[PDB]
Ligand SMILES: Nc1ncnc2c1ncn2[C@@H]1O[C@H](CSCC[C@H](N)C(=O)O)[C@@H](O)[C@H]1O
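Only one chain is included here, represented as structure tokens and corresponding to the form deposited without the ligand.
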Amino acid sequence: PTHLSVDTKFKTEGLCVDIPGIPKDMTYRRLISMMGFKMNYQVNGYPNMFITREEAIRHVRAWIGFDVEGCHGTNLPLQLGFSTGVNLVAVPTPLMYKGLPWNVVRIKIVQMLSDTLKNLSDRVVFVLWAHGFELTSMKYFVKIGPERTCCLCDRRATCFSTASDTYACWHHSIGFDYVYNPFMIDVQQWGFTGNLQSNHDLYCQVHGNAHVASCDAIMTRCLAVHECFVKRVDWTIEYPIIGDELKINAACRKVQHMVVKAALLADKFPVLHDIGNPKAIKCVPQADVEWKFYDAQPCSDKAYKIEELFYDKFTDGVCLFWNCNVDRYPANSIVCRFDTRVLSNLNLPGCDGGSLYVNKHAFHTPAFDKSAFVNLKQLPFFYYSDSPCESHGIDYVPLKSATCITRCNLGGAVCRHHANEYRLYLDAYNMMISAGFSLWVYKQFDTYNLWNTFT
């Protein structure tokens, strides 16, 4: 129960149009052999090219939808489509490229996967909705063997060069022509009734079938993301650090304490309705306010209807919606909403305009909808501190800022402690906003109300 067994049966019904006469009884072992690969009982870390649905989830940062549409079978040319939007045409002699022989097409393939995956994964997983031509064309750009390391580093090998006879990871594969030891998963194996467009369109309106190979590769990875993260949710799976994860989360916790602390001092609300995560703590532990919690897990499909969340006196005080994505927020709210459109290593394309935000855990977030914040306004940057002006020791330059709400800045000149803490909070703030998060507050929020908290 560790890897997908080669002796597992492979349903070949979806392959019998490109491959007429294919035996109904087939195993992964006979399929791989039929594809043109000799897996000579190698106990060297590569037991099967194909992988389980569970292993594919653990390696979602590696998912690349792959589809091959035979333009005219080694007699006819092939359109090679990928979920990166790329379409390469191979000749046997929405970026649509002209016909070229396999020996140049394979070099282009290694460049695209290396540039796409170098910052997200140690491997590639080809997400397939197999009809025959994609598995048979793999021998033209893929080499398999024992697990290896890069010739320039310690990472596992993902590419191979016939010119130099050496192996490399995604970072050092410049000039490499083969894809070494890739992984793959056929979505049609998961038990679907109907074609890719019928099944995909049941959940996604954002990807259209333009009848190009890349459009199918995109609908495939989309349907695979839906089945594993939108409808099935497993927040037990941990994901490795691949970027600023630790700083982004520490920033979110610092921002949350600051934003909520200031809203309670500015408008002195008597009750705070904490709507969201059931494992949440008071972000402002010393706060005078009556803190009441309401459990709601992160919605991965559609955004929560604010009516189905409330139907008890939510109009009294303020409502804290920290990463709790509702359809239209009440006027009396403090909100942090992840913006799914953000470009980052943590954010992977999602289903129906949503995104798969992978930071320790995979959170498929619904599409960012600007109309959710009609009764709110964008919360502006501000740094508030009521702590004493005590240094306790980096080199200084006098800080001048209107948004340093401190006793020292009220007094006229900001102390070194609040200047250091202001720039540290500005860095945590900018870190969080760039990671894709967006802050919104009730229209009455005015930081001018915080100057009177030191009197």
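A residue's number is simply how far along the shown sequence it sits, counting from 1.
The segment from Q205 to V206 is modelled without interruption, since every residue of the deposited sequence in that interval carries coordinates.
According to the entry, the deposited sequence places 4 to 9 unmodelled residues between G393 and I394. Legend: mean Cα B-factor per stretch from the PDB entry, 126-134 versus 157-165; the higher mean is in 157-165.
Relative to its counterpart among 196-204 and 348-356, 196-204 has the higher mean temperature factor, C-alpha atoms as listed in the PDB entry. As recorded in the entry, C71 carries the highest CA temperature factor of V260, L113, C71, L272. The top Cα temperature factor in the record, among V142, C324, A287, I107, falls on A287. Annotation for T84: CA B-factor lies in the lowest third of the chain's modelled residues.
Looking at the C-alpha B-factors along this chain, the one for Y425 belongs to the middle third.
For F363, the recorded CA temperature factor ranks within the middle third of the chain's modelled residues. In the PDB entry, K38 places in the highest third of its chain by CA B-factor. When the modelled residues of the chain are ordered by their C-alpha B factor, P240 lands in the highest third.
The form deposited with the ligand bound exists for this protein as well; it is not shown, and the discussion that follows is about that form.
Figure legend: unbound chain with the ligand modelled from its position in the entry with it bound by local C-alpha superposition. Site blocked, with three or more ligand atoms within 2.4 Å of backbone or C-beta atoms.
The contact residue chosen from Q189, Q111, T166, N277 relative to the ligand in the entry with it bound is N277, the criterion being a non-hydrogen atom within 4.5 angstroms. Screening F368, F373, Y203, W322 for any heavy atom within 4.5 Å of the ligand in the entry with it bound leaves a single hit, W322.
Contact between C151 and the ligand in the entry with it bound is not found at the 4.5 Å heavy atom cutoff. Of the heavy atoms in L128, none are within 4.5 Å of the ligand in the entry with it bound. By the criterion of a heavy atom within 4.5 Å, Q297 is counted among the residues contacting the ligand in the entry with it bound.
In the entry with it bound, the ligand lies farther than 4.5 Å from every heavy atom of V335.
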